[PDB]
Amino acid sequence: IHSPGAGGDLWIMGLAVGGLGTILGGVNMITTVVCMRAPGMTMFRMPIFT
Amino acid sequence: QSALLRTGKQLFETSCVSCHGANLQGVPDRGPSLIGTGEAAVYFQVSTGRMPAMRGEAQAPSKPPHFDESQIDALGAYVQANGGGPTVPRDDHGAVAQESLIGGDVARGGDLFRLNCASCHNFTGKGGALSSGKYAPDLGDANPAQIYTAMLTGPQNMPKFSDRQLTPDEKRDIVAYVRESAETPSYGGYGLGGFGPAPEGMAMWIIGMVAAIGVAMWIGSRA
Amino acid sequence: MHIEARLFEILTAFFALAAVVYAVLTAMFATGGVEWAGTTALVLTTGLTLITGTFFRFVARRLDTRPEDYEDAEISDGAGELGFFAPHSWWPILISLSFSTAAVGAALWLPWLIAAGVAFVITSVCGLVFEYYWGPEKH
Amino acid sequence: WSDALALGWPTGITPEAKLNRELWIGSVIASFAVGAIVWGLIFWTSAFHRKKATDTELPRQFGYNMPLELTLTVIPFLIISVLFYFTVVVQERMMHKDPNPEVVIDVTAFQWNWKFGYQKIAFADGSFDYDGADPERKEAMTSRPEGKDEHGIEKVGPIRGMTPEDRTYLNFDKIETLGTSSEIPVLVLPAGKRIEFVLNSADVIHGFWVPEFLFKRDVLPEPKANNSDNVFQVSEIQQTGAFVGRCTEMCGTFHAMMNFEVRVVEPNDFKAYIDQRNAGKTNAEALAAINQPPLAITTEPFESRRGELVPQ
Amino acid sequence: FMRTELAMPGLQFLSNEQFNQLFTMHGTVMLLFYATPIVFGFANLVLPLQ
Amino acid sequence: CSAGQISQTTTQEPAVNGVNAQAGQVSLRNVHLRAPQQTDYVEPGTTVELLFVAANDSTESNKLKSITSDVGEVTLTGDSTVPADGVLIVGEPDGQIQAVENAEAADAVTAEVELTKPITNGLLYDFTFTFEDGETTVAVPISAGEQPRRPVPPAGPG
Ligand SMILES: CC(C)=CCC/C(C)=C/CC/C(C)=C/CC/C(C)=C/CC/C(C)=C\CC/C(C)=C/CC/C(C)=C/CC/C(C)=C/CC/C(C)=C/CC1=C(C)C(=O)c2ccccc2C1=O
Ligand SMILES: CCCCCCCCCCCCCCCC(=O)O[C@H](COC(=O)CCCCCCC[C@@H](C)CCCCCCCCC)COP(=O)(O)O[C@H]1[C@H](O)[C@H](O)[C@H](O)[C@@H](O)[C@@H]1O
Ligand code: HEC
Ligand code: HEC
Ligand SMILES: *C[C@@H](COC(=O)CCCCCCCCCCCCCCC)OC(=O)CCCCCCCC[C@@H](C)CCCCCCCC
Ligand SMILES: *C(=O)CCCCCCCCCCCCCCC
Ligand SMILES: [Cu+2]
Ligand SMILES: [Cu+2]
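As deposited, the entry is annotated with cryo-EM as its determination method and 3.5 Å as its resolution.

Per the PDB entry, the recorded name for chain E is Cytochrome c oxidase subunit 1, and the organism is Mycolicibacterium smegmatis.

Per the PDB entry, the recorded name for chain D is Cytochrome aa3 subunit 2, and the organism is Mycolicibacterium smegmatis. Here is the UniProt Sequence similarities (unreviewed entry) comment for chain D, exactly as written: "Belongs to the cytochrome c oxidase subunit 2 family." Check the Function (unreviewed entry) section of the UniProt entry for chain D; it says "Subunits I and II form the functional core of the enzyme complex. Electrons originating in cytochrome c are transferred via heme a and Cu(A) to the binuclear center formed by heme a3 and Cu(B)."

Here you go:
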């Protein structure tokens, strides 16, 4: 009813597409840290940024 | 009706005085004056939901109605009382007539539609593009009363088809053709929208040519 | 994976406490009782963390201490065959384009374009998944 | 000094506004003290340059100061807990919900302007045998005996058996000070009395904010169904005169054009105004009759023209 | 564009809805298309390295 | 930027036959002439009605509506000083709802003109509406509000 234009809809779907990439990126970083790590880098020795 | 006018004024006050003052005179550069637009115009616009518009752009888009049938009637009666103008058709009971607006002749309706309507909409009632940001919406969603009132009033960039120009019989025939073309199943397979060349070429290049090329890749070899 | 599991266990504990306290203090002391939006969201993020932490704990109990998880581990200890990591591939961009087609079809309510985008997404996901399993052409 | 240190907070005109301003002053003092000490720490550790006299010897390399960490994680909790206690005691006087309001204003905010109803008036000294109308609250129950189908559906309605196009939540009154696009609405209130505002939105969410009340509320479409306490009270308004009020939530395109006024007049002026409005008169006419400028003096109904470069 | 328009009380060159689109897309672009995608930009940059 | 300052939807006149004349404090809306014509012209000496709506803009009022006469000798039967932050509906535009159906000050300020000059549909005819505030030429049209087509004679091929 309010803001019936197409631009509002494209915004909604544009976030849905972009949101998925952000979700998938979170899976890589969290899986990378959990699984892929140096032979000596314990979870309490990995840097603060990681 | 007294209470109908009161309800229409009540809804007008809390809906659209920001765009046409309480006197219905158009607010300069926000909305046009509603004096003389008529109950028919009010019904078409509010029932299609187009009008309670929340932006000034090339064309006000259609959207879900913001008022039910009784409230739409109240708005229309109030605007008719204030200005006076075309009235939406009604049946014997009193409800907005929709079945009664289906003209008997459909070849005549189609000829009239092609001469007048297809100009911008389509051969078969689909939409069409207009000068700059405007467009003619697809008619498939419009009910007979909405189609008749859309002819009777020129909402925006649609020529206003008065009853003298298109007598209620011709308008009923056009309504009948619009409904028939909207509800008619496509003979000969899925009707790709209603536009022939462009949807058909796209469907060729995707379906037929991907099928042919994939079959060629299957049969032949890569090297 | 003890610390990896414990992270999610701690998060689950905190989110469970938050969900419980929110539900109680919203069932009472709120305008309309339980909010039913924040409550459900908190409960199911507790569920998120619970699922992840439970899987991590199962793995930690199933696994002997890895060099990664072992303090005082030499590089040679973990040295060995790392697994397959996909080299260059152009299927991700096609998947993104297909999903974008489906998304624009949803935004501009075009069922034909939604169908085309979904078909393209199926095709591109099939290509990505089969990329490293497609056998040589048999002629 | 208080005005400058308030960071541009208008001096309130209600007891609630004054108390909120005092809380704001205290919280800003605390925030500026914390900021001053932290900026001092930063600009004092910026004195730890790499002195050329620093030979091949790296710094103390300490890190990991448990007692200091404990102290600096205890004190912030104390500061924020004191601020939270002050916040709660001030919040308590955010809506006292006094069951005996001296004047009730039905504030219904539609797309891009306002309307004020004067639902009820009941002065403590004894006056104003006035009340709201409510004959016009007519429902839109779509309870037709049958729908498109032949039988069985007997559809009642989508939401709680009714239709979204209901508007029953809205309340209407005899004296409506509707604001036109070319006439800024001026809600006139008696000075020194308790004024309740029953807040509603005709179409979309937006926000009633009198900047000098030091308080805003969000007029929502259906606050009762959304578990929103739209209605809120003001114990008193000391200072008279015209106070601007603004819309402080997204309304649509003309969200910046919803400005209104809350003109506080003396109780006798309010007597005269309400009598003259009961008599057939407009808001401007009533203001002129009580000898107060009719049009909003703090704001104008600025140009409906889309902008300056539009060719009229 | 918002800054230039807001520098003066009048609507010098923007419209009400054009300005409304600006902070929607500015807030959207800066947050969801610059701020959130660049954490995984930095993560992809150095997180495997780190 | 099709929704900028120059926007089609905002810059639209009402889809009504009557012209709009905003000049002066009181704005004229849907001002037309009901002059049913059976031939080329509406012959002089026949009275036809001048429909419009005068809406007052400023509530501070311009309710005079002194003369509003031009070539045609426009007379305002049942004249009244209605416009005060409100509307003055001079006549009954085709389709007008009888909101009262009773004699409220007899007619509602009906304006009628004895042409003294031929007029026909499709032309524009200047009318000077003069309120105490000022005078404005409006160039009123002729409108056939709700009358259907008049049957054109059948054609005999030749
Ligand atoms: C084109 C070429 C190789 C030129 C060689 C250079 C040369 C000698 C140039 C001199 C002539 C000049 C002046 C050329 C410039 C412009 C030009 C080509 C004019 C002549 C046009 C003409 C008669 C023929 C060009 C035909 C041609 C090669 C088209 C591209 C065909 C290819 C490689 C298609 C990709 C294969 C494939 C899987 C296609 C299906 C997938 C899809 C959907 C592709 C995109 C797509 C296409 C390709 C459509 O054709 C189409 C038509 C109608 C609606 C939609 C679409 C559509 O979406
Ligand atoms: C080997 C060939 C394989 C071909 C597949 C054939 C597909 C079979 C489709 C189903 C059976 C036949 C249907 C015939 C009856 C029928 O026509 O189907 C309409 C539906 O139509 C739609 O909406 C679209 C629905 C989406 C599904 C179909 C989309 C298929 C496309 C993707 C295939 C072509 C390939 C193009 C690729 C594009 C991508 C390019 C990169 C349904 O009525 P309706 O929905 O109401 O149409 C409205 C009137 O009412 C109303 O007045 C009117 O005014 C309109 O509003 C009308 O839409
Ligand atoms: C451009 C010339 C034009 C012609 C001539 C025209 N139309 Fe339209 N039509 C439009 C435009 C532009 C709109 C958009 C109106 C709006 O959105 O307010 C429209 C809207 C409509 C709608 C509203 C549909 C909906 O769902 O909202 C209907 C129905 C319609 N037209 C039918 C007709 C009929 C019947 C005729 C008979 C001759 C006709 N049109 C002639 C351009 C035209
Ligand atoms: C500025 C926002 C806006 C609001 C909100 C709005 N209008 Fe309009 N109105 C317009 C504009 C712009 C037009 C002309 C373009 C169009 O109709 O799309 C118009 C045209 C109309 C028309 C058709 C005039 C004609 O000559 O065909 C009618 C009828 C109408 N409005 C009635 C209403 C009613 C009833 C409401 C309340 C339900 C309302 N409007 C709310 C701006 C608005
Ligand atoms: C109303 C006026 C005022 O606004 C402006 O003038 C700003 C215009 C900025 C310039 C826009 C140029 C168009 C984008 C070109 C991108 C490259 C294309 C070639 C490659 C295919 O202006 C206007 O009339 C409208 C203003 C709004 C313009 C919005 C543009 C939105 C861009 C969007 C379509 C996505 C662009 C794709 C970029 C691809 C490059 C990364 C891969
Ligand atoms: C037309 O109807 C829309 C007007 C929008 C006004 C605001 C202008 C936004 C421009 C920002 C830049 C666009 C993307 C740039 C890509 C290169
Ligand atoms: Cu606002
Ligand atoms: Cu609002």
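Right, picking up where we left off after that structure.
What's the story with the overall build of chain D in this structure? I'm lost.
Counting secondary structure elements, chain D contains five helices and eleven strands. Whereas a compact globule of 312 residues would reach a radius of gyration of roughly 20 Å, chain D reaches 27 Å, over 25% beyond that. Taking the principal axes of its C-alpha atoms as reference, chain D extends roughly 90 × 65 × 55 Å. Taking the contacts inside chain D whose residues are at least 6 apart along the sequence as the reference set, 68% of them involve residues at least 24 apart.

What should I look at first to understand the site of ligand 4 in this one?
In the neighbourhood of ligand 4, 26 residues make up the surrounding shell, with B:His20, B:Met51, B:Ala53, B:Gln156 and F:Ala15 lying closest. In this structure, ligand 4 is bordered by residues of chains B, D and F. The separation between an oxygen atom of ligand 4 and a polar main-chain atom of F:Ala15 is 2.6 Å. Counted by class, the shell around ligand 4 contains 16 nonpolar, nine polar and one charged residues.

For this particular structure, what's the right way to read the side chain of B:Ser47?
Residues and elements named next belong to chain B. Considering the arrangement of structural elements, one finds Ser 47 in helix α2 (residues 39-47). Here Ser 47 falls in the buried class, since its relative accessible area comes to 9%. Polar side-chain contacts of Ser 47 include one of 3.1 Å to the backbone oxygen of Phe 44. Non-local contacts of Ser 47, meaning those with residues more than four positions away in its chain, are made with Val 42, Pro 65, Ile 72 and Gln 146.

Before we go on, may I ask you to explain the site of ligand 1 in this structure?
Residues and elements named next belong to chain B. As a matter of local geometry, ligand 1 sits amid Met 202, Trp 205, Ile 206 and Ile 213. Within the side chain of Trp 205, one N or O atom sits 2.8 Å away from an oxygen atom of ligand 1. Look at ligand 1: alone it shows 1200 Å² of surface, and the protein chains cover 20% of it. Residues of the shell around ligand 1, tallied by class, amount to four nonpolar, no polar and no charged.

Got a minute to help me understand the sheet that holds strand β7 (residues 206-210) of chain D in this structure?
Each strand in a sheet pairs with its neighbour through backbone hydrogen bonds, running either in the same direction (parallel) or in the opposite one (antiparallel). Residues and elements named next belong to chain D. Within the open sheet, the five strands sit side by side as β5-β11-β10-β7-β8. Their pairing is mixed. The open sheet has two free edges, formed respectively by β5 (186-190) and β8 (215-219), since each of these has just one partner strand. For this sheet the average axis-to-axis angle between neighbouring strands, irrespective of direction, equals 25 degrees. Packed onto the sheet, helix α4 (residues 267-278) meets β5 and β11 (260-265) and runs at close to 130 degrees relative to β5.

In this structure, what is going on with the coordination of the iron atom of ligand 3? I would like to understand it.
For a metal with four tetrahedral donors the ideal donor-metal-donor angle is 109.5 degrees, whereas six octahedral donors ideally subtend 90 or 180 degrees. Donor atoms from the protein around the iron atom of ligand 3 number only one, B:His121 (NE2), found at 2.1 Å. By secondary structure assignment, the location of B:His121 is in the loop between α4 (107-117) and β1 (128-129).

Looking at this model, I keep getting lost on the coordination of the copper ion (ligand 8). Mind explaining?
All names here are of chain D. Protein ligation of the copper ion (ligand 8) involves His 206 (ND1), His 206 (NE2) and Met 258 (SD), the donor distances falling in the range 2.0 to 2.8 Å. Taken as a pair, the copper ion (ligand 8) and the copper ion (ligand 7) lie 4.8 Å from each other. Residue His 206 is found in strand β7, and its partner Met 258 is found in the loop between β10 (241-247) and β11; the two are separated by 52 residues along the sequence. Given a relative accessible area of 0%, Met 258 falls into the buried group.

Which parts of the structure should I look at to understand the interface of chain A and chain E?
Many analyses report the size of an interface as the accessible area lost when the parts associate. Between chain A and chain E, the contact holds twelve residues from the first and 13 residues from the second. Buried surface at the junction of chain A and chain E, summed over both partners, amounts to about 1100 Å²; 82% is from carbon and sulfur atoms. When the buried surface of chain A facing chain E is broken down by residue, A:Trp11, A:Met29 and A:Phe49 rank first, second and third, together holding 48% of it. At the junction of chain A and chain E, the tally comes to zero salt bridges.

What exactly am I supposed to notice about the packing of aromatic side chains here?
Between two aromatic rings, the relevant description is the distance of the centres plus the angle of the planes. Tallying each qualifying case throughout the model produces 29 aromatic pairs over all chains. Taking the centre distance of 5.7 Å and the plane angle of 50 degrees together, the rings of D:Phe116 and D:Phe260 count as tilted. Residue D:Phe116 is found in strand β2 (residues 113-116), and its partner D:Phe260 is found in strand β11; the two are separated by 144 residues along the sequence. Residue D:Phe260 is classed as buried on the basis of its relative accessible area of 0%. When the ring of D:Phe215 is compared with that of D:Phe232, the centres are 4.7 Å apart and the planes differ by 25 degrees; the resulting orientation is stacked. Of this pair, D:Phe215 sits in strand β8 while D:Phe232 sits in strand β9 (residues 232-234), placing them 17 residues apart in sequence. Members of the aromatic cluster, joined through ring pairs, are D:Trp114, D:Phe116, D:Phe197, D:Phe208, D:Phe213, D:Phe215, D:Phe232 and D:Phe260. Sitting above the plane of the D:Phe254 ring, B:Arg30 keeps its charged end 4.3 Å from the centroid.

Would you explain the nonpolar core in this entry?
The tendency in soluble globular proteins is for nonpolar side chains to be buried as a group. Formed by 53 residues in total, the largest nonpolar core has its most connected members in D:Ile105, D:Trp114, D:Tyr118, D:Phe197, D:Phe208, D:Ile237 and D:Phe270. With five residues, the single largest contributor to this core is strand β1 (residues 103-110) of chain D. Sequence-distant contacts of D:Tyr118, defined by excluding residues within four places in its chain, comprise D:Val104, D:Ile105, D:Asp106, D:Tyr130, D:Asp173, D:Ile175, D:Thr177, D:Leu187, D:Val188, D:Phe270, D:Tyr273 and D:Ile274. In terms of nonpolar packing, the next biggest core, distinct from the first, is built from 46 residues, B:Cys117, B:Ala118, B:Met151 and B:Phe161 among them.

Mind showing me how you'd approach helix α2 (residues 38-62) of chain C here?
Owing to its 3.6 residues per turn, the α-helix brings residues three or four apart onto one side. For α2(C), spanning 25 residues, the distance from its first C-alpha to its last is 36 Å, which sits close to the expected 36 Å at 1.5 Å a residue. Where α2(C) is buried, its residues contact α1 (6-35) of chain A together with α1 (2-27) of chain C.

What is the right way to read the arrangement of the chains from this model?
The chain pair with the greatest number of contacts, out of twelve pairs of chains in contact, is formed by chains B and F. Over all C-alpha pairs, chain C and chain E never come within contact, reaching a minimum spacing of 13 Å. Chain C makes no contact with chain F; the smallest distance between any of their C-alpha atoms is 19 Å.

What is the right way to read α4(B) from this model?
Residue and element names in this part refer to chain B. Those residues of α4 that sit buried are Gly 109, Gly 110, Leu 112, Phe 113 and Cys 117. Relative to the axis of α4, the buried residues are bounded by an arc of 165 degrees and lie together on one face. Away from its buried face, by an angle of more than 90 degrees, α4 presents the exposed residues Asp 111 and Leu 115.

Help me understand the UniProt feature "transmembrane region" (unreviewed entry) in chain D in this model?
Residue and element names in this part refer to chain D. UniProt records the feature "transmembrane region" (unreviewed entry) for residues 24-47 and 68-88 in the present numbering. The distance separating the terminal C-alpha atoms of residues 24-47 is 34 Å; by composition the span is 92% helix and 0% strand. Overall, residues 68-88 shows 100% helix and 0% strand. The separation of its end C-alpha atoms is 30 Å.

Please explain the interface of chain F and chain B as it appears in this structure.
Contact with chain F, which involves 36 residues of that partner, is made by 34 residues of chain B. Between chain F and chain B, roughly 2700 Å² of surface is buried when both sides are summed, and carbon and sulfur atoms account for 50% of that area. One can count one salt bridge joining chain F with chain B. With a shortest N-O distance of 3.4 Å, F:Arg149 and B:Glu170 are connected by a salt bridge.

Explanation requested: the pattern of salt bridges in the structure shown.
Pairs may arise between side chains of opposite charge once their charged atoms sit close together. For the coordinates displayed, the defined rule picks out 27 salt bridges over all chains. For the salt bridge of F:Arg34 with F:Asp94, the shortest nitrogen-to-oxygen distance reads 3.1 Å. Classification of F:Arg34 as buried rests on a relative accessible area of 15%. Salt bridges sharing common partners tie together B:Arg108, B:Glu170, B:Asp173 and F:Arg149.

Please explain the pairing of β5(D) as it appears in this structure.
If a strand is regular, its side chains alternate between the two faces of the sheet. Residues and elements named next belong to chain D. Judged by how many residues are buried, β5 sits mostly within the fold: five of five residues are covered. Neither face of β5 is open: one carries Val 186, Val 188 and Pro 190, the other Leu 187 and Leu 189, and all of them are buried. Of the strand pairs in this sheet, β5 and β11 are connected by five bridges, and their pairing is parallel. Its bridge partner lying in β11, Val 188 is registered against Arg 263.

So, how was this worked out
Note on numbering: every chain is counted from 1 along its sequence as written, possibly out of step with the entry's scheme, and residues lacking coordinates are dropped from view. All chains are assigned letters beginning at A, and all ligands numbers beginning at 1, according to the order in which they are written. These chains belong to a larger assembly; the numbers reported describe only the chains shown. Processing note: side-chain calculations cover all non-hydrogen atoms of the structure and skip hydrogens and water entirely. Residues with missing side-chain atoms are left out of burial classes, side-chain pairs and their counts. UniProt positions are given in the numbering used here, feature names are shortened, and annotations may be inferred rather than shown by experiment. Here a helix means four or more residues in a row that DSSP labels H or I, a strand means two or more in a row labelled E, and each is numbered from the N terminus. When we talk radius of gyration, it's over C-alpha atoms, and the globule rule is simply 2.2 Å times the number of residues to the 0.38. By definition in these notes, contact holds between two residues if any of their heavy atoms fall within 4.5 Å. The rule for a residue being near a molecule or strand is that one of its heavy atoms must lie within 4 Å of it. Pairs of N or O atoms are called polar contacts if they sit within 3.5 Å, as long as, within protein, a hydrogen donor faces a hydrogen acceptor (for residues adjacent in sequence, only side-chain-to-side-chain pairs). Polar here means any residue outside two lists: the nonpolar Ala, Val, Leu, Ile, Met, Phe, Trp, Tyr, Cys and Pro, and the charged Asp, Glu, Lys and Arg; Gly therefore counts as polar. Each residue is assigned to one of three classes by its accessible area relative to the maximum for its type, calculated with a 1.4 Å probe on protein chains only: buried under 20%, partly exposed between the two thresholds, exposed over 50%. Methods summary: accessible areas were calculated by the Shrake-Rupley approach with a probe of 1.4 Å, and residue burial reflects only the protein chains presented. For two strands to pair, DSSP has to find at least two bridges joining them. Where helices are involved, their axes are fitted lines through C-alpha atoms of the stretch in contact, as for all axes, and angles between N-to-C directions lie from 0 to 180°. Donor atoms: N, O and S within 2.8 Å of the metal, or within 3.2 Å for Na, K and Ca. Because water is excluded, sites can look incomplete. Using a 1.4 Å probe, buried area is obtained as the accessible area two parts lose upon being combined, added over both of them. Whenever a carboxyl oxygen of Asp or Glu lies within 4 Å of a side-chain nitrogen of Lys or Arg, that contact is scored as a salt bridge. Note on ring pairs: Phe, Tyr and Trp rings are taken, using the six-membered ring of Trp, and paired if centres are within 6.5 Å. Classes follow the plane angle, with under 30 degrees stacked, over 60 edge-to-face and the rest tilted. By definition here, charges over rings are those cases where NZ of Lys or CZ of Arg is within 6 Å of the ring centre and within 35 degrees of the ring normal. The criterion is simple. A nonpolar core is a set of buried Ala, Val, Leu, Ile, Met, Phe, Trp, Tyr and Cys residues joined through side-chain atoms within 4.5 Å. Helix span, expected: 1.5 Å multiplied by one less than the number of residues in the helix. Starting at the helix axis, one direction is taken to each C-beta atom, and the arc is that of these directions.

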